[PDB]
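Encoded as structure tokens, the following chain is the form deposited in one PDB entry, with no partner shown.
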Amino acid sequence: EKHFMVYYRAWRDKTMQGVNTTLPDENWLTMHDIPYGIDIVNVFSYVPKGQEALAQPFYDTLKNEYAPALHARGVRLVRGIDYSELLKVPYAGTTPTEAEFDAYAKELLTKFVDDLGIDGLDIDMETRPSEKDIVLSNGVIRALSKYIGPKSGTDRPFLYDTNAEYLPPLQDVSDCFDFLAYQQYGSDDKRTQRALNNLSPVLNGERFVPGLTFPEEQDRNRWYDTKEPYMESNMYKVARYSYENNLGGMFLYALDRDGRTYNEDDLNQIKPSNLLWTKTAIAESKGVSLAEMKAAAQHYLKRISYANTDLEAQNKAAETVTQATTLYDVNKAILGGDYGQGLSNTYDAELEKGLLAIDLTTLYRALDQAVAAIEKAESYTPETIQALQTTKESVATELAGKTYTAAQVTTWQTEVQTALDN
């Protein structure tokens, strides 16, 4: 029932080069790299005038590749429009008619959502609108609720995005939204409690989703939501508070900057991330038990052991998982503190929790026989061992990949047994 949302900066996708940035650095991720356990992805895009041609490959890829792929994983896509867009509703009289509100709601969805291959909409409200404005926005939001959000009967999200608790533009239409996304960058769970109290006349806690940020390059602002020790960080405190108090979930802004700082190196550089903090916040906000976290990590360690040749790092990771006392420490035991510092750059505990339900014991017995039938190759036909080593290395490599299906496992089982049965 809970939510975990991330804001994905479109101009930091690999398909964009030189959009909305003075940095020449190559982008390092695609939307395929978004971690598991994230059920809503907000595509946040700013395209400066003149860069529309540079940004088009991303939009084509979003519509034709990224959105189908994320839908296959159960993820829904949204994007935001500024509250001011609602106030441009055309009308003939002194105020719009029900039909004029409805006409405009359909126009908004077509332009900003449907044409992009996106599923739903956020309203970004970070001002203090007038009473005249709210008559307009109330009508437009009410008209939109027939098509998206809880009142529509559909699975299309309708979200309200804000960094304050300004009630007038919300209190008449709060029932139209799946949840409120509350930006509280830089602040701990004391602010989470206060903000929810202030919003409680119009919003229940289960539909309140607090959010933190990662440090953005070149930013004049300073919001420090990650730090070690882990339990001193805002990312622990807010994720824990959301879980402890049955809130709607959590969100994170700027997925691509997971682990970055505002130091002189990070402030002007685009670098790969092991996504440690996001993967940890997903687990923490859902209250994953330490036992379950360790079980997933040990599952990963065993399945990569047949292709991975670094026995020292595998051993240190297994020991570090055993000593871990926080969800962060389990993840860090495999991912390291930063990209390339651990045994893996891609381990994903939510993904791996899914794979626990697929039995590997038959495949492990087959691969173990193959390994035994390599250590004593001096006792067999080299023309048969070669056909086994080729098949074994292939299955080992694929078994250590991103993910696999139960049907895929039986295929590797048959392949390995066949090579041994000859």
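Think of the rigid core as the biggest set of C-alphas that the two forms share within 1.5 Å after superposition. Numbers for residues come from their place in the sequence shown, where the first is 1.
Subject >> Stretch with the greater mean C-alpha B-factor as recorded in the entry, comparing 250-258 against 199-207 >> reply: That would be 199-207.
Original post:
Per the entry, where is the mean C-alpha temperature factor higher: 58-66 or 378-386?
Top reply: Stretch with the greater average CA B-factor: 378-386.
Subject >> Among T154, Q269, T162, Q323 - the residue whose C-alpha B-factor is largest in the record >> reply: That would be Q323, according to the entry.
Original post:
Lowest, middle or highest third of the chain for the C-alpha temperature factor of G336?
Top reply: Middle third by C-alpha B-factor.
**OP:** Classify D115 as lowest, middle or highest third according to the C-alpha B-factor given in the PDB entry, relative to its own chain.
**Re:** Tercile = highest for this residue's CA B-factor.
**OP:** Grab the CA temperature factor for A181 from the record and place it in the lowest, middle or highest third of its chain.
**Re:** Lowest third of the chain for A181's C-alpha B-factor.
Original post:
Relative to the other modelled residues in the chain, which third contains the C-alpha temperature factor of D33: lowest, middle or highest?
Top reply: Its C-alpha B-factor belongs to the lowest third of this chain's values.
**OP:** Would you check the entry's CA temperature factor for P96 and let me know if it's in the chain's lowest, middle or highest third?
**Re:** For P96, the deposited C-alpha B-factor lands in the highest third.
The discussion below concerns the form deposited in another entry, not included here.
Original post:
Of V43, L29, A67, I385, which one's CA moves 2 Å or more between the shown form and the other one, core aligned?
Top reply: One residue passes the 2 Å cut-off, namely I385.
Original post:
Against the rigid core, is the Cα displacement of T403 between the shown form and the other one at least 2 Å?
Top reply: No, its C-alpha moves less than 2 Å.
Original post:
C-alpha of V6: shift of 2 angstroms or more between the shown form and the other one, rigid core aligned?
Top reply: It does not, since the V6 C-alpha is displaced less than 2 Å between the shown form and the other one after the core fit.
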